[PDB]
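K.L.:
Below: the sequence, then the experimentally determined structure.
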Amino acid sequence: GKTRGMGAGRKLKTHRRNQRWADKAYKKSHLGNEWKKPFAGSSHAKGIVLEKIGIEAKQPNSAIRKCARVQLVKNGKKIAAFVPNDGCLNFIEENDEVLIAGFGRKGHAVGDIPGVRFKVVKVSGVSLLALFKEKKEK
Amino acid sequence: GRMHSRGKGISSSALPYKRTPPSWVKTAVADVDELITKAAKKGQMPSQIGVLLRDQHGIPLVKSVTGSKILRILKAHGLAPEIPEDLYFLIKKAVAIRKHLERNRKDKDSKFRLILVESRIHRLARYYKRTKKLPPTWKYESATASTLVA
Amino acid sequence: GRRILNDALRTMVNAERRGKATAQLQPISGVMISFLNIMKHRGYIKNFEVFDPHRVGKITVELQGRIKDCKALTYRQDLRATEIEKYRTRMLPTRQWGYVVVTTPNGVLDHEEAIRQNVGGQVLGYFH
RNA sequence: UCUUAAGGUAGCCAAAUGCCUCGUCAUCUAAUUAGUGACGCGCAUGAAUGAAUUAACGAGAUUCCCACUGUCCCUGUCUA
RNA sequence: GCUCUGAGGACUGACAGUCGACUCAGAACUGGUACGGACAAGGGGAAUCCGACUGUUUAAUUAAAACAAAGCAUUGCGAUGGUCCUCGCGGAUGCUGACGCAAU
RNA sequence: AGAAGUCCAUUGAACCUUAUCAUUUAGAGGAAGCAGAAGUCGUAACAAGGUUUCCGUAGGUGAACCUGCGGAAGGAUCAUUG
RNA sequence: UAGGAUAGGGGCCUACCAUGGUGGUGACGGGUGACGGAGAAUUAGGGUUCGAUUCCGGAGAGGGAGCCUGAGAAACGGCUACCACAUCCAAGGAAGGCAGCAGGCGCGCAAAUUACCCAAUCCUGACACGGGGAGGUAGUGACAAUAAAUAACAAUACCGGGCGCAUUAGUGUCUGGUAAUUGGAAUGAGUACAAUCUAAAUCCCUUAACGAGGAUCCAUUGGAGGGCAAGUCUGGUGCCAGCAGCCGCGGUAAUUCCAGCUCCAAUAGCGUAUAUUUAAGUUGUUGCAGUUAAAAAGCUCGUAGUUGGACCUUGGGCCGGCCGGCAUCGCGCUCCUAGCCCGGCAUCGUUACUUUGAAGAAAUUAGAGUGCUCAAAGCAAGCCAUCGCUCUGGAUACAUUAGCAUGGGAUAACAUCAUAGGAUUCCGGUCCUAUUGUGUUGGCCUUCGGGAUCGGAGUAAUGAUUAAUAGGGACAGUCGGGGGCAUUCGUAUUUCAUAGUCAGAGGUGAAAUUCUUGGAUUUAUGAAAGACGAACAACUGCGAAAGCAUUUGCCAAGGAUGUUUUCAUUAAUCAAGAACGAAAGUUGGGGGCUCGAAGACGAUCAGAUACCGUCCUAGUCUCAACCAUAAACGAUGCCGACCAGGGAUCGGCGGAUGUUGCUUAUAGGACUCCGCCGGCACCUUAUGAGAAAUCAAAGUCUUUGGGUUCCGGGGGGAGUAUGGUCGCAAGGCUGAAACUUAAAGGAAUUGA
Ligand SMILES: [Mg+2]
Ligand SMILES: [Mg+2]
Ligand SMILES: [Mg+2]
Ligand SMILES: [Mg+2]
Ligand SMILES: [Mg+2]
Ligand SMILES: [Mg+2]
Ligand SMILES: [Mg+2]
Ligand SMILES: [Mg+2]
Ligand SMILES: [Mg+2]
Ligand SMILES: [Mg+2]
Ligand SMILES: [Mg+2]
Ligand SMILES: [Mg+2]
Ligand SMILES: [Mg+2]
Ligand SMILES: [Mg+2]
Ligand SMILES: [Mg+2]
Ligand SMILES: [Mg+2]
Ligand SMILES: [Mg+2]
Ligand SMILES: [Mg+2]
Ligand SMILES: [Mg+2]
Ligand SMILES: [Mg+2]
Ligand SMILES: [Mg+2]
Ligand SMILES: [Mg+2]
Ligand SMILES: [Mg+2]
Ligand SMILES: [Mg+2]
Ligand SMILES: [Mg+2]
Ligand SMILES: [Mg+2]
Ligand SMILES: [Mg+2]
Ligand SMILES: [Mg+2]
Ligand SMILES: [Mg+2]
Ligand SMILES: [Mg+2]
Ligand SMILES: [Mg+2]
Ligand SMILES: [Mg+2]
Ligand SMILES: [Mg+2]
Ligand SMILES: [Mg+2]
Ligand SMILES: [Mg+2]
Ligand SMILES: [Mg+2]
Ligand SMILES: [Mg+2]
Ligand SMILES: [Mg+2]
Ligand SMILES: [Mg+2]
Ligand SMILES: [Mg+2]
Ligand SMILES: [Mg+2]
Ligand SMILES: [Mg+2]
Ligand SMILES: [Mg+2]
Ligand SMILES: [Mg+2]
Ligand SMILES: [Mg+2]
Ligand SMILES: [Mg+2]
Ligand SMILES: [Mg+2]
Ligand SMILES: [Mg+2]
Ligand SMILES: [Mg+2]
Ligand SMILES: [Mg+2]
Ligand SMILES: [Mg+2]
Ligand SMILES: [Mg+2]
Ligand SMILES: [Mg+2]
Ligand SMILES: [Mg+2]
Ligand SMILES: [Mg+2]
Ligand SMILES: [Mg+2]
Ligand SMILES: [Mg+2]
């Protein structure tokens, strides 16, 4: 069972130190590889669109999920970003500045979409919701 | 249970409630000291002397009749064994096992039993050096141990 | 492989849970006896009787069916007379009955006596 | 499916073994029929006809690099 | 180069005396930066092929990648035998005998 | 008094060669895992899954696998005085 | 050790000398998107995470370095040099340093004005006066935080529940509301005099005249299948477009998309992303798990670490209202506190633990007082005749550890009475230091004051807990398929030899390969070889496990039982380290019956590299050395206690008469019954536990603490890559990540 002796503090403190590495949440934030992820620990990121693509939805569903390959300015990274509304891919062009956010679930793929974990949130400095809601034109 | 086995037997002695000797022990405390002293000068160890008294001379317990433990009776007379009785008997056994192996080196069970004996010898010598019943430099040497005993 | 006052107190609970009339405690000690005095003066056990054949010695306790649980806190903490309150809540059924026995330089006693005499000490067990 | 006594196994390769052949890809170069690493429908590799490796060693064959220099640009001069 | 400093010994009656051939460390000074001053005396590295290595070889055109080798394996033979020589007589292995001899 | 200069020491930037370390990054060719798809070959497993399954080791074969040796029941037997 | 230097200690530096210093209690080295603290977020408690930033400490001024002056600097709004970057040049030269304030570029998801002033707080100088991009004031500012509008009241109402008649009625009560219905009242958002404000301005707070019909002085952001509050509405689409954190929605009747309507939640705010906290008892000290869900190391030894039986009066009480102060059979006091012969004395073992205090920066936290109009705040203010002043406040607490001081002395550590070198009231000698008799200065000494040694008489109750249902060791008779060495045997099989007889035999679901008148198979006698050890043989034994069954002898070892023997805590478990470890496999020899991976054939089959059949290589067996793995399993670590009933059984011992193919007689041996101890198990049952299957140990668990070791944290990737290390090799040990995915899985139920 557990070690309980009054002078066992060194054994107990060490053991929790070893065993915390077996917790995925701990090791994820303490191993260093979050800085090797494309965003490098940022909430949003600016990018430039390389092309408009569109990706198939996973088996139970059947749709064309429309995305864009954008290239990250800070580190040259290339990622695929979902354009999340009805017909909102039209507002997106090629060689246009774009603001990329997380898509949810903290770097894990979301919904039926295979392999996409970024969403486009701004284009040309105009809110993408604002474009889908006509408030501000680009 | 056992230190070097899995047996948990409780076979042992049960000394009575009465510290004093039974009424019929009509010896003299000086006279029995001669009985202990003669047995030692005959080379017998304390554990065997107590058996002798109990079996021929009808002494149930020495601590009752004399008030003193046997080894302390010997020690006051300058007859206490140099290596304690129990340590000696282990050292005798490990010597016996090593001689048997030096003809049977594929007796892997006897090699196992050897390791247990020196583990027992060294744990006990750790104790006796601490309480100064052995010289602080006394060392159990595998080779030069058959000379010490027997 | 012995650490007594666990063997004593667990024997009483197991005897009590079954509903027996008496319990025997093979190793005894002054610490164990002083714990039974505290239990008895508070009314959770009847009298008890020491056995001297020589040895650690034996004690037989007469149980009155109204001890609910008695435990030992091995790994005996130091206990200022200030955190009495926090060990009280964690270990006792309520703020009304139950006692934590603490060994203190004015003797073994329950946490109630400890506050009055303003002494802290090292926890031994509890009963309720 | 025809056939054989058996149909070349593990391995190895344009190898001191490949005609085509200056094979194709990469590397070394300013430029490489040379070299090394790969590829393998192997004219015509292959297991004591020993197969594949291999530290140390070699007046053994080959490629490159640093240093060195009358080998050379380009000859001149001195001694016997 | 020069001028020094220290260490490392012997014998004789923790000392005193005398003697002592040799090595190594260190410093200052000095020069037209010379100093293993002539002599003597490795160029080095990254790789491929062959042969493991040492050894040997075509005297007088070939020194090797050829031969040998340790290691590995096969074969014959128990003596009235195997392998071999001899015109014959007879002989070698054999002053031997399977951990041996003989043939690859 | 005393400058320029100069001499020897000391601190010492800085530059260069070799080495080493660490972090990135290219590469013929080789080779893993994942996922997708309305593909080809079989039928290994789940029932005694049609040869009971499985573990270690070893060898062999298009593939799942097969076979030897020892082991396990997580077996298809809690059972022979019948 | 001696120097030198410094303001000064010091290998700080120098010469000579010695060989030390640190390290599993983690040295050294690496990472840090690392200045430290005061603190911050979250918080049932315990915690987890953050801390560049206004206070304190440190460090730096593009990177290094060296300096001058000065009390103070290795200063950069000082210098000198170099490195990098760059400005001017009349081309010879010259001048540099915004991590100060503002501002520009760049970089990025990511941040304000090139404003006014020394009026406040303070600082500075020769100074009452100068200066201060300290600092303050204003513009930008939905970072956070506070208070708080967007209507209130009335009657009409087609109406709507009760309540007065309750019947039959009807309306009328709180107005609940479509109501651009109607009626006047209230008011600030706004705007504007003035005054105030202020260093001067502006804003606030006061406040002349304007400032409301609901279309306006109009509130938004997310949702409406579930989780989760709110549509079985209507049009469009038709696995498209889309939504969807998750589960899911969409294939022509969509509660989920796109829209209108209506509703729901919060509300001057709300959504999204990312890190972190909670939820998470999914990191478990409090407080998790390891039979089958992830997880007991194959097994034992062992150092460190962790843990460790009992026992030594404060026991029996006088005393005054929890406690002093005390007598019992309370080791001293000269020296300080020292009562009217007297309490309450200091050194001749150390600590943790607790008690109280000190001294602890403030700001922040908690918390008292105080009506800033409330609140977040602030540290003020309140009464007087809210009249020549009165009364003031500006509390207090927590502060883990380490250090200092005080009492306690239960618990728990380390050290230590048995060579008595122990305590002890006195006794002179080995000996030195000299004080009141040296009114002065001293300086050897007679009784005399202490070292310190020291020989002897002295006194005393003269000084060693017990023997753990802890452990070791001894001894006695046993027990066992425990081990090693040598050895006796048994049939079977294969081969051989001898003899007999004559057509088949072998194998199979059925056959075929194969053997056979050179006589196969079968039968019989003998021989050789090598493996194997039937039956007996079990819900039996021994062993740490792996494992261990023919006989006998030899060698050493072991458990249990028995014991009024002995030691006396010597122990439990264990990083590092060590012994053993089935089968297979490896290197050499030996042997090579049987079986038999590989291979070769005959069948089967769609095929058959398989099952079936035939032949056979390594192997099977042994000696030497390797290897170190198994479903190495009880899928259950070891030590200890408690807990339920029973009959078997194995080993020992104890107790009973009665019986033998025994035994010179009993006694013992075989058998029957009873008891104890120790083993391998089994059965029946919960009052127990568990998800259950099940389990008398998987029990004594939210009423959670006996000790200790190993190990798990959704499924995969993967026991993979890489580095290390061990091995001849095969491989063993250690052992990720990128990425992917909503389940995988366990027990039990009904069906098929
Ligand atoms: Mg988690
Ligand atoms: Mg026991
Ligand atoms: Mg042990
Ligand atoms: Mg081939
Ligand atoms: Mg080729
Ligand atoms: Mg060339
Ligand atoms: Mg090539
Ligand atoms: Mg050929
Ligand atoms: Mg050929
Ligand atoms: Mg050939
Ligand atoms: Mg050569
Ligand atoms: Mg020299
Ligand atoms: Mg050669
Ligand atoms: Mg020649
Ligand atoms: Mg030649
Ligand atoms: Mg040759
Ligand atoms: Mg001959
Ligand atoms: Mg099948
Ligand atoms: Mg099957
Ligand atoms: Mg099965
Ligand atoms: Mg096969
Ligand atoms: Mg000095
Ligand atoms: Mg930093
Ligand atoms: Mg920073
Ligand atoms: Mg700068
Ligand atoms: Mg500075
Ligand atoms: Mg400076
Ligand atoms: Mg500046
Ligand atoms: Mg600035
Ligand atoms: Mg809406
Ligand atoms: Mg919506
Ligand atoms: Mg919902
Ligand atoms: Mg609902
Ligand atoms: Mg969403
Ligand atoms: Mg799904
Ligand atoms: Mg919905
Ligand atoms: Mg809608
Ligand atoms: Mg869990
Ligand atoms: Mg499992
Ligand atoms: Mg186990
Ligand atoms: Mg230890
Ligand atoms: Mg302390
Ligand atoms: Mg005992
Ligand atoms: Mg015995
Ligand atoms: Mg016949
Ligand atoms: Mg038996
Ligand atoms: Mg037999
Ligand atoms: Mg075959
Ligand atoms: Mg294993
Ligand atoms: Mg296991
Ligand atoms: Mg137990
Ligand atoms: Mg019996
Ligand atoms: Mg029994
Ligand atoms: Mg987890
Ligand atoms: Mg996992
Ligand atoms: Mg499983
Ligand atoms: Mg299942």
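P.N.:
Structure received. Numbers count the residues shown, from 1 in each chain, chains lettered A, B, ... in the order given. Ligands and ions are numbered 1, 2, ... in the order given.
K.L.:
longest single strand anywhere in chain A?
P.N.:
Of all segments of type strand in chain A, defined using DSSP state E, the longest is strand A:44-52.
K.L.:
Okay, buried residues for it please.
P.N.:
Residues A:45, A:47, A:49 are the ones in strand A:44-52 that count as buried (16 or more other Cβ atoms under 10 Å in any protein chain shown). Bear in mind the C-beta positions are built from the backbone N, C-alpha and C, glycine included.
K.L.:
Can that strand be said to contact RNA strand G?
P.N.:
Yes. Contact of strand A:44-52 with RNA strand G (Cβ under 7 Å from any atom of the strand) involves A:44-46.
K.L.:
now swap in stretch B:142-150 and tell me
P.N.:
No. Using Cβ under 7 Å from any atom of the strand, stretch B:142-150 stays clear of RNA strand G, coming no nearer than 11.4 Å.
K.L.:
same check, this time on stretch B:9-16
P.N.:
Yes. Contact between stretch B:9-16 and RNA strand G is present through B:9-16 (criterion: Cβ under 7 Å from any atom of the strand).
K.L.:
Neighbours of residue 67, how many?
P.N.:
All of this is about chain A. 25 (other Cβ atoms under 10 Å in any protein chain shown).
K.L.:
Sorry, I should have been clearer: chain B.
P.N.:
Burial of residue B:67, expressed as a neighbour count using other Cβ under 10 Å, amounts to 10.
K.L.:
next one: residue C:42
P.N.:
By the criterion of other Cβ under 10 Å, residue C:42 has 16 neighbours.
K.L.:
Tell me which stretches of chain C form strands.
P.N.:
Remark: strands assigned in chain C by DSSP E are C:22-25, C:48-51, C:58-62, C:70-72, C:78-79, C:99-104, C:107-110, C:121-127.
K.L.:
Take those and lay them out in CSV including distance to residue A:39.
P.N.:
Below are those laid out as CSV (distance: least, Cβ to Cβ, whole Å):
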stretch, distance to residue A:39
strand C:22-25, 67
strand C:48-51, 72
strand C:58-62, 70
strand C:70-72, 54
strand C:78-79, 50
strand C:99-104, 54
strand C:107-110, 61
strand C:121-127, 52
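K.L.:
Any idea which of these gets closest to residue B:22?
P.N.:
The stretch from those with the least distance to residue B:22 (Cβ to Cβ) is strand C:48-51; that distance is 23.1 Å.
K.L.:
ok, back up a step: tabulate the strands of chain C (CSV), appending distance to chain A and mean neighbour count.
P.N.:
Listed next are the strands of chain C as CSV, based on distance: least, Cβ to the nearest Cβ, whole Å; neighbours: other Cβ atoms under 10 Å in any protein chain shown:
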stretch, distance to chain A, mean neighbour count
strand C:22-25, 23, 17
strand C:48-51, 29, 13
strand C:58-62, 27, 16
strand C:70-72, 12, 19
strand C:78-79, 9, 16
strand C:99-104, 14, 22
strand C:107-110, 19, 18
strand C:121-127, 10, 22
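K.L.:
who wins for proximity to residue A:18 among the ones you listed?
P.N.:
With respect to residue A:18, and counting by Cβ to Cβ, the nearest of those is strand C:78-79 at 28.2 Å.
K.L.:
mind listing what's buried in the longest helix along chain A?
P.N.:
Ranked by number of residues, the top helix in chain A under DSSP state H is helix A:9-19. Using 16+ other Cβ under 10 Å as the test for burial, helix A:9-19 gives no buried residues.
K.L.:
and what of stretch A:73-91?
P.N.:
A:77, A:79-84, A:88-89, A:91.
K.L.:
Residue C:115 against residue C:81, yeah?
P.N.:
Yes. With contacts counted by Cβ atoms under 8 Å, residue C:115 reaches residue C:81, the gap being 6.5 Å.
K.L.:
Include distance to RNA strand F when you put the strands of chain C into TSV, please.
P.N.:
Shown next, in TSV, are the strands of chain C (distance: least, Cβ to the nearest atom of the strand, whole Å):
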stretch	distance to RNA strand F
strand C:22-25	38
strand C:48-51	46
strand C:58-62	42
strand C:70-72	38
strand C:78-79	47
strand C:99-104	47
strand C:107-110	52
strand C:121-127	42
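K.L.:
Out of these, the one nearest residue C:1 is which?
P.N.:
The closest approach between residue C:1 and any of the strands of chain C, judged by Cβ to Cβ, belongs to strand C:70-72 at 15.7 Å.
K.L.:
which residues of chain C fall in helices?
P.N.:
Taking DSSP H to define them, one finds helices in chain C at C:6-18, C:30-41, C:84-91, C:111-116.
K.L.:
same for the shortest one, what does it pack against?
P.N.:
Under the contact criterion of 3 or more Cβ pairs under 8 Å, 6 or more residues apart in numbering or on different chains; DSSP states H and E, the helices and strands touching helix C:111-116 comprise helix C:84-91, strand C:99-104.
K.L.:
and with 10 Å instead?
P.N.:
Taking 3 or more Cβ pairs under 10 Å, 6 or more residues apart in numbering or on different chains; DSSP states H and E as the contact definition, the neighbouring helices and strands of helix C:111-116 are helix C:84-91, strand C:99-104, strand C:121-127.
K.L.:
Regarding residue B:103, what is its secondary structure?
P.N.:
Following DSSP: H, G, I helix; E, B strand; the rest coil, residue B:103 is assigned to coil.
K.L.:
Near it, how many other residues are there?
P.N.:
7.
K.L.:
do the one 3 residues further on as well
P.N.:
Neighbours of residue B:106 under the rule other Cβ under 10 Å: 7.
K.L.:
Thanks a lot, see you next time.
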